[PDB]
Every structure is written in structure tokens, then in C-alpha cells.
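Residue numbers (this note's numbering), protein chains in the order written: chain P, 341 to 573; chain E, 2 to 239; chain D, 413 to 662; chain C, -1 to 241; chain Z, 54 to 326; chain W, 548 to 786; chain L, 3 to 236; chain R, 5 to 246.
Beta carbons: idealized from backbone N, C-alpha and C, even for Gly.
Structure, as C-alpha cells:
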Amino acid sequence: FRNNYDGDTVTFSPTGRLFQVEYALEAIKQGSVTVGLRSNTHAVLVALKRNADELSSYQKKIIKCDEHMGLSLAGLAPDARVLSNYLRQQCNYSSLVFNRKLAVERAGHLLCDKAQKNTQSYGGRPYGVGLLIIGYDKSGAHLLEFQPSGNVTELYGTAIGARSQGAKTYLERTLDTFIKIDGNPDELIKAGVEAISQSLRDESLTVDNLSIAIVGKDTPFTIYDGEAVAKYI
Amino acid sequence: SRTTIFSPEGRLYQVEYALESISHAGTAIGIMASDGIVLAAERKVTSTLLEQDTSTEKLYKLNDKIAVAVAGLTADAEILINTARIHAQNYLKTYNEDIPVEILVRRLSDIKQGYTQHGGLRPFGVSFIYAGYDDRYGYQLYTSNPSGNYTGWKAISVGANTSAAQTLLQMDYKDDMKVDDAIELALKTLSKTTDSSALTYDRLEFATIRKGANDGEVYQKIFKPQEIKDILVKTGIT
Amino acid sequence: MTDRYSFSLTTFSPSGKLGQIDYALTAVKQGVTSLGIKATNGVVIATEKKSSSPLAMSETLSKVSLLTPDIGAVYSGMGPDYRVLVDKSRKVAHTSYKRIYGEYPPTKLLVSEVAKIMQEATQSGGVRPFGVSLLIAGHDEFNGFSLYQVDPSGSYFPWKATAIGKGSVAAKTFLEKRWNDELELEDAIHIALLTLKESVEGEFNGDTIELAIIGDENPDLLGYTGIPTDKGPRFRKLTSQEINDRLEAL
Amino acid sequence: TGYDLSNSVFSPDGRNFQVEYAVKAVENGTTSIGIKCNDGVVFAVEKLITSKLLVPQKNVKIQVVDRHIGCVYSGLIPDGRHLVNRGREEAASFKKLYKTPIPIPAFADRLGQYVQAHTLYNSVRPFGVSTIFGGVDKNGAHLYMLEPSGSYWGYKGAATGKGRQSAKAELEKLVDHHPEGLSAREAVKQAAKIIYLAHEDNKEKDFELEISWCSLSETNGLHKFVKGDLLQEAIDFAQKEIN
Amino acid sequence: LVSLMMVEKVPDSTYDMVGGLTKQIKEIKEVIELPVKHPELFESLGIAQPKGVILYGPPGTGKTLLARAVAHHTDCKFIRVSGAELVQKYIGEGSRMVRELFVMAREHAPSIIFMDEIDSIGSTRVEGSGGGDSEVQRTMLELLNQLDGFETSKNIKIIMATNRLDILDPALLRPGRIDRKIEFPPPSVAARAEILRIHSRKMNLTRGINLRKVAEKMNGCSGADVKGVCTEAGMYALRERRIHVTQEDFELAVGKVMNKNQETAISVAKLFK
Amino acid sequence: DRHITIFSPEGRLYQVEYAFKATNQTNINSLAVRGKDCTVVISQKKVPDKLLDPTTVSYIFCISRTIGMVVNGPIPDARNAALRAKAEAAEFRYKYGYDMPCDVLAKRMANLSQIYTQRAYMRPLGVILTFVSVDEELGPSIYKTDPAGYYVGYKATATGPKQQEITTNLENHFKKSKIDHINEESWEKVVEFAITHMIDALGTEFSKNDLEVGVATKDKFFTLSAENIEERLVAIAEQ
Amino acid sequence: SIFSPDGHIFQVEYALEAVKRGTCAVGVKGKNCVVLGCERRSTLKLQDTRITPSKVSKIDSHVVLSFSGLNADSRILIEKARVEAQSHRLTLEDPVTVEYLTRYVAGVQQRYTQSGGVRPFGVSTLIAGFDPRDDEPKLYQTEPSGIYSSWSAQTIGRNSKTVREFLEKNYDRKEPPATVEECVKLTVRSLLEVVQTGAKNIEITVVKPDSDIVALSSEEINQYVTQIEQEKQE
Amino acid sequence: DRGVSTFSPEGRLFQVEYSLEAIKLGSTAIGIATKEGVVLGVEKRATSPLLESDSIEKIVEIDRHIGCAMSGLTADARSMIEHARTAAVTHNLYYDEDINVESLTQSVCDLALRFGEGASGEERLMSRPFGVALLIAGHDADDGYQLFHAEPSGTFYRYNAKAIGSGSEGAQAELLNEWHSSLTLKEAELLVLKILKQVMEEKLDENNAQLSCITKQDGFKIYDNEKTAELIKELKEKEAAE
Ligand SMILES: Nc1ncnc2c1ncn2[C@@H]1O[C@H](COP(=O)(O)OP(=O)(O)OP(=O)(O)O)[C@@H](O)[C@H]1O
């Protein structure tokens, strides 16, 4: 009834669990959604924003790392920010030590090597969010998944957080379709947008509650927020 | 028990035990005339075989104008003297003058709460008697405790029923009460508070200060067994 | 690789009664009996080597130890909290005094330099005390013989005679008869053994229990010659036989 | 009861049950093996899919530490990867020294005491992983497995995950059938059999396979994953052994 | 029940069997004696004939042995609870008896009670651990000070007693609910002198007798030790067949107290001076 | 009190009496003797599964060309002690110019165990040890350790769960011939006495693989292999 | 030292009650003068008060302090305050203001709040004095939370509740203290309600410009206290 | 009986969310945006008359052109503003030009996160977190008079206007009802007084509160004790009229 194995991190369960972690991963369940997918040539970020009142501006969900990378998050900003400011150094360091610019997938394989250096020491919590990484290199385009666990995986497209199963289901309904897309990002983008209407608990998206920002085999990272997204609604 | 924090109503958990604990310890008094100084202490044990003869335990000195007494641990006090001794002669290689007390204690006991204040380390199970002289405030007398607050006095006790013993000095002490008129109060201050009214010169320990040498010099005189043994007869014990 | 236990392991009681040393001084009693007596001619110590099995040597175990050429010591209680302490004293007699005034020190100044670590074992953090209370012998050309008992709290008694362990108080009940002032050393072994015979249930042979003494100058030990000035090692330990030569002689 | 709460607290039984709980964490993971062939070693592993959205062949779980090694694991994905990042620099700080590649006993002698160091202190998490490695030195072939209590022994074969009971008795059923010597290529067939044979504890779900070996003969005793028809040759075979 | 009640069989003691105790009778009789001896006298002022009093002090005293004699030379009754018998292994038995108790003395104004021990009704604290005993200390104190107690305090004085003082409920004492207390200390030496005169009345035209020569020596607490040493002194004479007795045969009887005066072994722990 | 290395209420150390019992996880017994100018050491070698490479399994190590040691405990706990040995030989001779004795080097690692009982960041080790060596100044000798620091020589000794089964059996022997060590020269012709004594006293019969051996030869230490043991086992052909 | 769910702190909803035990003292802001006044143990026998640490203390030529609560935790601040005084006179060549060191020590009582294993003080203090090259009085009050204020009168100690409101029947903004004899009459006509004894149980002190510090005898007190011991009659 | 860096089964931390009601003990502190200027307001919580409320300073001046107002626990925030002053001036050096607000204010909310893994390479200062929150107001020449809000959890939002503290849950509703685009400055120099007069525990004085505007023309400005009073009559010019 009262698991004493719920305090600090290192204590395993009597069954092979870290009850801190499993009780953390429901955070993003209490956080919002931000989805993303890719073609063989172009990948996407998406994020509902979560607003305070009828007066405030909005909580942000997307950040650029560098000219050939962006990302999007879920749940917590502040512990999630530093990882953004973190890997900028590990993407500048590339472009100054080498100039052979940064491959995406090792970043995740750097990033997983961070959080694990935060679980097994007294003091310190996990960087308790899920987030989504994008970009392009010589190898084509790639999308990623993140867990504060450390697990990161190369996906076609996925979703996060509350209400997300509705949008999550469109993709398995559609993974035959959107993979064969190229050089025509407009209709691609509205795939998720129609698909994440599956999540709307009657909040009925607007000019400004949505943020989109994508990348290609040509495009540097661009953000479409403010008032440019009358295109899609 | 987390030395730092306070009570739920503005008190401490440990330290009130400490200056209450030291009450278990022996006795150490200290007085002053306008002529000279006396000190005393009753050793916790006065069994016979061991070397009570040269047992210099309760009463140490620091330099050639100062003497003290001790109450508390044998050891946790045994280090402060080696500490404070240096802060005396290290006053001198800067300035070459003699040391005053009123700098010493105010620049000593602040070490105490330094271990109440942080580190999670226990305070010092110790209290002192002080004694000495400067050319600016005359004869002197001071005391201390594990907190750090120090108080000037004319005559004081510690330890067993010191609150009781301090009464015994209340009526009898005199302003111009001379040395040989005041010395007898001490062991008489102890001749009552003793557990063993069966009394032995062995059991106690003694010290003195005067200004005996002409040309204004002084004497950190400390007294041996057979002397105070014969002094003891002077007030008429046997 | 991370230190977080830096708190004190020590605890006040309501009425003083510092806890985890007051528990320590059980094991000092649970340990063996051992003693020490002086006299103007010389000084003696002794213990009882309780060889566990019928297999172990007693040569390997130093239930008595040398500190300097003019000092010995002995314990009761625990051993590994004794072996370490020797070397942390040997390294101190030099690194504070002996390489700095030439001469080796008197006996007590050393004792100021074992309690000054024994204390640190308690008031510091992350530590326990040594579960030991040991004994020192004395010599110097300016203050003479002495004994000095120590203890894990940091105190140090002086003495004229005492003993410790699983048979302590009975000895302290005894020796206050046997002791006196008109004393040489050759007598002191009879009482010391005669004491330590009554407080035993096992064998009582010379090859079972080690002891040692404080004699006088013995240049045969010194190794070299030519300088008539030097004062040789007053400290000395006995053999298997010389014990028994006393025992037959009872 | 009250002693089973933190590292470095022995029992009256004479143990710390916490790592023995770790054994059930690594019990909650994928299947994985590696075989001592006649001239090198083999690696093969289970890799289960949740949704189609997971890409095939971009998410390996083998890791390399240097040229002449392959290593895998099972259970905690990150934690079994950390010590590799310790591995990848250690031997690099050993080829630094006498300018020669590193032995395999050098590996565990430079790892098997590491994880131990994460069971001395009340401030860290025991590496809840079981782990394999292998490769070649001047001496010849080698193989080892690790368990989270630091232990390790030179096997001819191993197994982890919830693919324990199948393979162990199976290899008991193998070895007597073929003790004479099993070359590299042939075990690459017989290995992938076992994983198809061992998924039956979790045949609710699906997966896809991943294999690597290293031969003194074939690849100059270098490490080289599989990517080709040779894999497809084996899956076409391994279905028959379960057929 | 009337077994607790007073006696037609009074004990035979007396407050001149009680040497050394000289002042206390003057300090405590009057509240028990005078205004009840003369209420009109007291009512000339009529300040408050107070409630009971209390006596504290160690054993070795005969606080009991004092309280046996006061029940002689009374003009009043002297009931006894045989302390702590009132409680039983139930709940309802508590308050009824206390209800029965007061009324048993309402019918007798010139009459009083006795406790010996209140160590068993002291220092009530409760968070689930406690007992019904705490329930009864209230109602007695309630019916001590209420609409129906002062009529007893019109009729009554009482006394409590124990040997350990500060281990009970202070919420008990509203001073005025108990208007006076006193120490029964251990004796003086010369106070001890007249004691052995009382009990050793057995010498047989003997001589060389120095009754002062024993409190010469004592540093004890009890007066009863004067009997414990005396009573076994005669045992020597009892065994050696000679009824007579002397000083020295009477003196080494303290050898029995050589244990008591020296049974307290001592620690060698010079942790702190 | 029952989780750390403070002094108990009464004054033992509950976290340490456990550690002796943390050894007995294996049901394993080992043995130590002194030759004439040599020594011997042995222990069971269990193998309850078919797939091992007992080329690899071992408890008996090699620290110099001079000395050796053994373990009856968890080997991970052993290896940290094993490594720290090789170090603490080198730093001795590098500072003094001659090989590492046993009597000293136990007196080091016995000092070391104490400051694992005197602090609390550290887990102690649930092992014990029996070092073996010749000595040019002291001759054939051994030394044993506990996890606390009690270290002592032994003219001959053994360890495991079953000391009582044999340790009496040995003391009965020296009360039959009455000298410290054996009156037989070659190490090859005294190991028979060891294996003659195990199975007979209370032990169980053995095979080729079941046992392992070490010898501190003059200026040489080394293990033994299969036929090197099988031959030495067939000394029983005559007895 | 953390946050409760009631927006409070455990250890500091406690500490400031400690100062509510010990001595009681106060100062004021006169028309053109500033004063303090504090407490002493009468009946403390066999003693000479010349050398005991006064509840008053001085920090510069021209500023002083009066603590309460503890005594040990008071002595430390004066030292490191004195440093800042006779250091601030050096780097900038100008003497202090009043608010500067107050702003300083307002900060140190939280540098000794938010860290590991550090208690705050059983101390509350106030200060007083005139800035250099000015005339307007300045006094500031402190407590362990660091919040430094400017009370025209401020008292911390025993029975202090009505004392905290006693002034409000006595002081007037547009009727400030005329002179010392009344302004010190004010200084004492407050404190005496908790004195309950003669002049021996107190100690006072005063400031005027250009470091015109004074301390007044037990006898000077017995001059004026009589005048209201005479005027506590009609 | 919780700690700092430990989640719950519900995920909602304890201490920081407990740090999100200590503000609700404190005073009131409001600022409202007009496209020609922004206001700031306070409730002194003056407890006694003898006090001289010039010394209590719930309002500050970062520079000649930026100011803020701390609420909740006024003590601790006295530290962090000196951080902002350092980064303001520091940015006034490397570029010879006033800073954008959002370049600053990220720093301040990058400070209070320091109790465990702050920005890149941050040693954990701040055993506990700041038990205080505040409002930032001022111009930079990229977005406009973008007010900013800060709270010690380590996030900031941008607002039109809202409130804090005691009167938070109730007062803002009126503000939510009664703000729009095309209003003046001085209408906001007085509309607050319609509000703060609600949630004061006594009739208003010129000394209970005080105000400070902010303008891209002059810059920063605190008012005087009297120049609040004159507009209160102007409010009573409508309170007496209507
Ligand atoms: N002055 C005295 N006169 C008569 N008897 C005395 C005197 N002093 C001591 N005694 C003896 O003391 C004994 C009882 O005293 P003590 O105080 O030791 O126990 P108590 O009062 O019976 O115990 P409690 O008060 O706890 O019931 C009696 O036997 C009595 O004879």
C-alpha cells in the first residue's frame, strides 16, 4: 500500500523497477502533445500550445538547436531547456573541431548518456520529459523519440502526452501513405493536423494555439508561428 | 540531533544538555581580592596508588601572567589550550607587548558556536575559569561555557551545586577581603560542598597569582602537595 | 566515488552520557586481562596471549609492542584497532619531534600525540572510535619513570599500578595489597605473575603469554660500539626460557 | 525486511538482497546469446517491435568498443551502454601504452572490478544488467558473460533475458551433438534458430533479428556486423527448425 | 464493603515513640487539630480550614510509623485503603467506590483518611496508551473540589503520601486543594541519638554505654537503620547464649551496614573531570 | 545499529559477524600446509553445469614469481583484493629494491581492513585469505586474514564450511608424529598427504578436475594442469 | 530549511520567537537627536559591570548597535561589520552611510539561511546614528529574515506587546521629541514598565553629530527617574 | 515531510508547488500595460503609524528605463535584482546598447532553477528555492512594452496585465473584464486604485500605496506621496459623480 521503495532513485524494487522513474513518466501524461513524422526527404514538428488565461501569451513548445536541427518537447520546460543549451555546445564543438557537421543520431546517443549520469547518484532527479528531435544530414532525414529513461529510437512518426492516442492511431492507419512524399511539404503537414483533431477535447484550434517548424533535405530550420498558419486552418 | 536547528518554540535540543552535563563534572572556583587571586579544584578521584602527587590536571597555565581551571572532557578541552596558547604568543611576534585577556576570550570563544553553527559537529564539552592581569584594567576574572557567552565576575564556581556553592560566597566575601583572608573561603567553599567530608590534601589541586616581586613583577606561583597540605592546617581542619 | 557521510557519528544524551563510547568500553572489558606496574629499579607489563586454535603461532602476534628504544605498550580489547595505532604513533614521534629536536621525547609528550588522534576519531565525521584502552611506560633523564594509561575518549590517566580487562577489578582489589614503595624489579615479576595466575582457566606456560620490561642500559643490543656516551635501549622483551626460569623458581 | 533498503548492508544470510532484485530487472528483458565457435565468437539478440512506427535497421543494440570486439547486453538499455563508453576509452588508454591491441582478460580485469565499485557505496545504483563480450587476441578465441555482482566466467555459450530456460537445456542438447568443433559460418545458422525457438515465452509480440560475429579466419579477426543475404539465408533456415 | 473502614482495634503506637521528630507535630497538628478542635475559634476569623496536606521524603523515615500513631490520640476516625486496592480489573468499579468513599466520611465529620502511595496514580498522559486509573484520579479530585467537597472540607481534612514526589500530575495540585506540604528528611546525628534509647531497652544493669557513640559515626538516611543494627546486635547475644550485651558487640553490627554503607560500587570513567 | 559500523549497544559489530558468513555461499573447503622447503595449497573446484571452460575458473592467483594466495568467497570481492596485491608488491620493491614478503604484505592489507571498519562510505569484503610463500629470511610460511584485521600464521590450516571435519583431523596427526611441518622433501611427494587426508577425515572422493593446486617453489610460484594432477593423483596406485 | 505547505518555514517561524524571550531595548528619532536604551540584571551579585559585554556596542566613530536575543551570535556580526566599516573608509575614501552596512548585514542573515547545515540567528538588532556631513537622524531595525526597516521606535524583548503600543499613546509625528530631557524621558518612560526595579537593571546611550556619544551613570538615571517617580504620584 | 528533487506518484512536486502559495501570503503588486505606457502598484502592509514608509521599498529601478516590483517574500528577492543589474550593465558594455527584455529575463528564471542542474555547468547553489515572485516592465525596441512575469519554478510568461498575492484569484477577474487595446495611460494610473481600494484592509491613504510609470520617452519614474493623492480625488471625481 505504501511502497517505501519510493524515495531516492537508486533503490530498486523487489521486482526490478525504479518507482521514481515510472512515477515520473506519467508527467508527460499530464503534459501536452507535440507530434512529428517524416518522409524519406522531409520531417516535421508539431505542438499544441497550452495557454494560461484569455490575456496571457502562450507556452512555447519548439526550439531550434542549429541550422540543421530543431526539437520539440512535452511536460517540463526548465529541465528540458538546459539539454537544448547543452547540445548546442555539442553541435558547435563539431563545427569548430571538425567542420564535418553534426550527425543527428549520435546526439541521442550522447543524450542517453547524460540522464543515466543523473539517476545513479544521490541527489539529482531525472530530466523528466519526453521530447522529439529532427533534422537532416548526409543520411537523409531522421526523427527521434525520447524518454527520461534514456530510451531513444528512430521512428517514422509518433505522439506524446495527453489525448494522444487519437492522433497516434492515424499514423498506423496511414503509415502506408505518408512515407512516399517528397518536395511537397504542404499537404504532408496537414496530415498530423487533421490527425491531431482526434485529440481535441473541444478547444478547436486557432491561428495561434499551434506551432509548426520543419526541416528538409534543403530547408534550414524554419518556424511557422504567429499569424502565418492561416494557411492550414 | 541536527545541531543547527532550533526547537519548535525557540530552544535547542543538544546544548542545554551540555552545560547541564558538565554539572556532573568536578568543581573549579575562582575569586579575587584587590591584592591577589586564589583557585581550587577537587579531583574526580583521589585513590591512593596513582600519581596524585604530580597530577596537574584541573589547572593549567598559558603564559607568565595567566592561569585557568578546567571543567569538562579531559581531551576536548586539552586541545583548546594548545590552540589558545598560540594565539597568545602569536599576539607577541606582531606587537611584542604582553597580552590582555579582554581580546583573548572575545577572540577565542567565537570558535565555539562555529561548531554549533555548521558542519553537523558537536560543540565542546567544556567550561573554564580564567585569571590574570593587564596594566590597563587591573586584576581580572572571567568564565565561559560551551555556548560562548563570557561573564566577568569577582568570585564564581562551577559544577556540583555551583548554584548552591555560589551562595556560600554571597555573605562572606568582602570588597577589601585580602588574600590570606579570602583563600580560606575557597576550601571552606569546598569543605561543605564535598561528597567525601573525609577530606584529603591529595584530592584537590591549587594555584595562585600575586604581584610578589618588587619592580611590579608577578608570580604564576603553583603550589605543591606538602605546602597546601600544611596550609590546610592553618584554617584548622585537624 | 562520493562522500556524503560527513556528519558526526556521535550523539549527546539528555544528561551528558555520550553514547557510542560508553558502549565501546564493554569490549575493552570483554578482551583479555593485562596490567602494568613500576618501581624505581624498573618497570614491567604483561598480558595473556589467548591462542585460539592449537595451530596458530604466537610469534606472529605482537600482544606487546615497541614504540621507541625506551618505551613499550600493551592493550586489551581489540587487536586490529591496536596494530594500526602503533605506526600512526611511530610516524608521529619523528614527524613532529624526533627529526626536529634530535633526541627522542619524554614519555608523556608522546601521549599528547595519541590522544590527539584518538579524539579526532570521535569529534570528526564518518568514523567510530578505536575500541581500545592501552598502556605506556615511562623514561627520561629529566622526569623519570612513569606509567600512563589512555582510553578512547581522549583522556589519559597516570598511575603507579593498574590493570584492565576481563579480570580487572579483582586485580585492583588485589594489587592494592601487593604494591608498596620499597621496590626493586626482580620482585615485581612474582606478584605480576602471581596476580595473573589466579585470573586464568587455561594453560600457564612461558610459550603462551608474552611480557616485557624496562631494564637499564644494554649496549649489547645497540649493535655498534666505540661511543661510550650513548644510552642504549632500556626497553627489552623476554624469551620463552627466562619466563619459565622464574616459574620453576617459585 | 529492514536490511533490504540500500547498497552495502549485508544480511544475516550474508548478502545484500538489492542486487538480487536487480536480477529480476534483467529478467524483465530481451533474449540475447553469443557462442564460442571454433575460431571466434558470434552475437545474436532479440529486438521486439511495439508498433510498425519503429524503423527496422536503425536501432541496433549491439555496441562496439574497439576493432576486435563485439558486446551486447539485455535489460536496462542505458545502463548497459554506459560502461561501454567506459570500455571504449579504457582499452584506448591501453593501446596507448605498449602499442598493441588489448586482450579480453584485460577487458574484464578492467571492467569486472568497475561495477563492483558501484556496489561498495551507499550513493549509487548497481548496474542492473547482464552482459556479454567476446573477440580475439594473439592467444586465440575467448568468450565471457557478466552478472551485475561483478562476476564473470569463461563460457562456451550464454543466454539472458527470458530466454534462459529454453537455450540452456538446448545447448545441453547441442554440445553433446557437436563437440568436435563448430566453425564460424555454421553457428550463424544454428544461432538464429534459437531466437526463433526462444520467442515462445513472448510470442504475443513480434521483432526482427540482429547478428554479428568475428572470425580470425574470415574478417582478419575484426568485428563486422551482418548485412546481407547470409542473414536471409538463416531466417529461411531457422523457420524450418521450428517448422 | 467496610474492610477498608476504620477499626475498633486501633494499633498501639504513639507520637512519643518517635524521637528526633520534634517540630513537625507543631507544624501539622493544628490543621488537623486546632480549627476542628475549635471551629468557632477559627471562625472568629474563618480564613479557610484548608483541604488536606502532603508529606514527602525518602524511605528510612517511618512516615508510615508516624501515621500509625496519629490514629491514636485522635478524637476522630482513621480509615485505610491498603493503598491501590481500590482498583479492579474493570471500569465501573472505579468511580462508584470513590462515590462510596466520600459519603462514608460525610457521615463522620471528625474523621479522616490515609494514603501511603500515589506513585500509581501519577502523571497521566494519553495518546492511546494509558489506563482507566487516570479516570478515577479526576472524579476524586472532582468530588474533592466541587459542589459537594467543601462540605467535606467543612467536615474534613485529609492527607496523601508517597516516597517519590515529582513523578505525578501537577494538574492535581491547585495549592488550596492542598494547602501545605513538608519534608521528612533523614535525621541528624544527635537526632539519631535518642532513637536507640527507644528500642534497645534491654541492657541488664550494664555499664560502659555511650548511646551517643553511634550517631557519632553514621552518615545514613534512615532512622530504621538504628533498629536494623540494634535488632541484629541482640542476635549475637542470642546465639552466644549470654543475654547481656555491650557496646562493641553492638558496634560491629554496623558490619552488616559495612555492605550498605559500602555496597555502592563506583565507576572509573574520567571522560570529564 | 544493524546497518552500519558503529559500536553495538553491547559492543560487537553486527555488520561484521555477517561478513564472515557472507563467505559461505559456495560449500567449498581449502587447505594449507608447509613442506620441507616448499608448500602446498588446494581447494574444491565445483562445476555444476556442462558449458563452462574450467580453463578459466580459478581462485588461486599469481602475484609474483614468488608467492600466491587463495580465496573462499565471492570472487568479485576477491578481485579487488587480488588487484590491490599486485600493486602493493611493486611499490614496495620500487622503493626498496627487493621482492615483497608475506609477513609484511599481510601487515599492510591487515592495516587496510581496519579503515574499512573505521569509516562508513565503504562496504567491507566477505572473503578471507591464506597467503603462501617461501622467505629467504624466514622460510616456508603462510598467513591468514579475516575482514577485520586478525591475521596470524599457521603451521598448517584450512578453511571452508567444514573446518571441524578436518581441523581436528590434522591436530590428531601432529599428536602422532609431533613436528611442525612434514619430514618429506619434494613438493610432489607431500601433496599426497593433503589429498590423502581430505577424503579420509570427513571429505568426499575427488576426480581429475575436482581440485586445484598451488606451490610456492623456491623462487617460483605456479599452478598445475590436468595430467600434472592426474599423475600426482596416481601416486595412490601404491596407496 | 525548506518550505511548508502553509507558505511558511519551520525553522524561521521559530527563530524570531527566540528574541521574544530575552532582554528588551528601544531607541527613538528625536527632533535633532537619537538615543537608545536597554536592560540589565539587577540582583546579579558578586560582580563588577564595568567589563561585562554591554548590550550596546559601537561599530565606528559615529554609529552604534544594540542587539537582543542571544549574545554569542551577536559578537560575530560586530566583527565582520567593523571590517566593512574600516574597509569602506579605505577603497572609496569616504566613511559609511547608515543604510550601507544595514544593507550589508541585511544580506548576511540570509547568506546564513540558504545553505547546508547552517542555522540562522537567535538574534535581532537595530542601529542608529547620523550620516557623515548631514543632520537627519537614521535608524534601522533588523531580524533574521533580512528585511531591514526604518522604525521611528523599535523594541524587541519581554512584555513588549503593550510596549509596542505604549508609544502610540505617547509619540506624535507632528509633535516630535523636543529635547534630551523629554526624549530620554520617553526613552525610559517606555522601558520602565518591564523594569520593575531600580536604575541598576538598565543601560542607555545616546548619539549626536560628529560622533558625540555619551553613556550615562546609574546616578544620572536616578536624577530623572525620581522626577517621574515624583510625577507617578499625582 | 518531502524533499527537493523527488517526484511523487502523481508527478506534482511538493516543495515548488508549496512555493507557489507563499506568494499568496504576501502583499499585492500589480502592473498594467498601455500601448503608451505601463503602471505599477503596491500595498505597503504598513503595520504601525510611527514607521517611515520611505524605507520600505517594494519598488526598484534597474536602470534609467526599467523597473520591477517584488511580491510575496520581499526579503529574498533583494538578492536577485542585483543579478539583473549585473547582466543589464554587462550587456550595456559588450554592445554599447540597452538590452532586450527577453535576453535578460531568461537569465533570472535561469537563476532560480539552480537548485539542481541549472544551466550548462552549474554547481548547485540555493539549498532551497526563492520563495518570491515578481513582475518586470520596460521597453525594448523590437516587440513593444512587453511586460514579463517570473515565478521561482523557473518559467516566464508575457501578459497584457494581471496580479499576484493576496487579491490574486478575485481581483484579476475585474482586470480580465476591464482591459482592452485602445485605452490611455492615466486611465491605468487610476483603474488600479478602483481595484486596490477593494482589497485593502483599511481606507486608502497616499502612503498605503505608491506608483511608478514607465515611458519610452523619459524612461523610469516613481511618483510622490502627493501625486497619488491628487488622482484619488480624480477617482473620487468619478466615485462622487457616479
Ligand atoms: N524516628 C522514628 N521513630 C519510629 N520509627 C522509625 C523512626 N525512624 C525510622 N523508623 C522506622 O522506619 C520504618 C518505616 O520507615 P520507611 O520510611 O523506611 O518506610 P515506610 O514509611 O513504611 O514506607 P512508605 O512510606 O513508602 O509506606 C519503621 O519500621 C519505623 O520503625
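Taking 8 Å as the Cβ-Cβ cut-off, the segment 633 to 662 of chain W approaches chain D at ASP650, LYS654, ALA657, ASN658, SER660, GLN661, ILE662, given in chain order. Here DSSP, grouped into helix, strand and coil, assigns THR459 (chain D) to strand. Bridge pairing for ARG581 (chain W): W:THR586 [DSSP]. Contact check between the segment 235 to 243 of chain Z and the segment 103 to 115 of chain Z: three or more CB pairs, one atom from each, fall below 8 Å, which counts as touching. A straight line joining the alpha-carbon of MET70 (chain Z) with that of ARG254 (chain Z) spans about 12 Å. Between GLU101 (chain L) and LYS140 (chain L), the gap from beta carbon to beta carbon is short of 9 Å. For the pair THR559 (chain P) and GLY226 (chain C), the Cα-to-Cα distance works out to about 34 Å. Using a CB distance cut-off of 9 Å, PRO708 (chain W) does not count as an interface residue toward chain D. In this structure, DSSP gives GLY431 (chain D) a helical state, which the three-state scheme calls helix.
Assignment of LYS767 (chain W) by DSSP, reduced to helix, strand and coil, places it in the strand class. Of W:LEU771, W:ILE742, W:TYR697, the smallest CA-CA separation from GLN786 (chain W) is found for W:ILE742.
In the three-state scheme derived from DSSP, where H, G and I count as helix and E and B as strand, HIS66 (chain C) is classed as coil.
Taking 8 Å as the cut-off, the C-beta of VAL71 (chain Z) counts as close to a heavy atom of ligand 1.
Contact note: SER3 (chain L) reaches chain R through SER131, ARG132, using a C-beta cutoff of 8 Å and chain order. Bridge partners of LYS22 (chain L) according to DSSP: none are assigned.
Distances between the C-beta of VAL279 (chain Z) and the heavy atoms of ligand 1 include at least one below 8 Å. Residues of chain Z whose Cβ lies closer than 7 Å to the Cβ of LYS45 (chain E) are, in chain order, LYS323, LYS326.
A Cβ of chain R is located within less than 9 Å of the beta carbon of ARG166 (chain L). Contact of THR90 (chain R) with chain L is not assigned, every C-beta pair being separated by 9 Å or more. Beta-bridge annotation (DSSP): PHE131 (chain Z) is paired with Z:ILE165. When rounded, the separation of the alpha-carbon atoms in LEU291 (chain Z) and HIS297 (chain Z) is 9 Å.
From the beta-carbon of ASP62 (chain L), no residue of chain E is found nearer than 7 Å; the closest lies around 18 Å away. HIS449 (chain P) and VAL58 (chain C) have their C-alpha atoms roughly 11 Å apart. Remark: C-beta atoms of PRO570 (chain D) and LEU51 (chain E) approach each other more closely than 9 Å. Residues of the segment 548 to 563 of chain W that bring their beta carbon within less than 7 Å of a beta carbon in chain D comprise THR552, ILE553, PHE554, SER555, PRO556, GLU557, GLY558, in sequence order.
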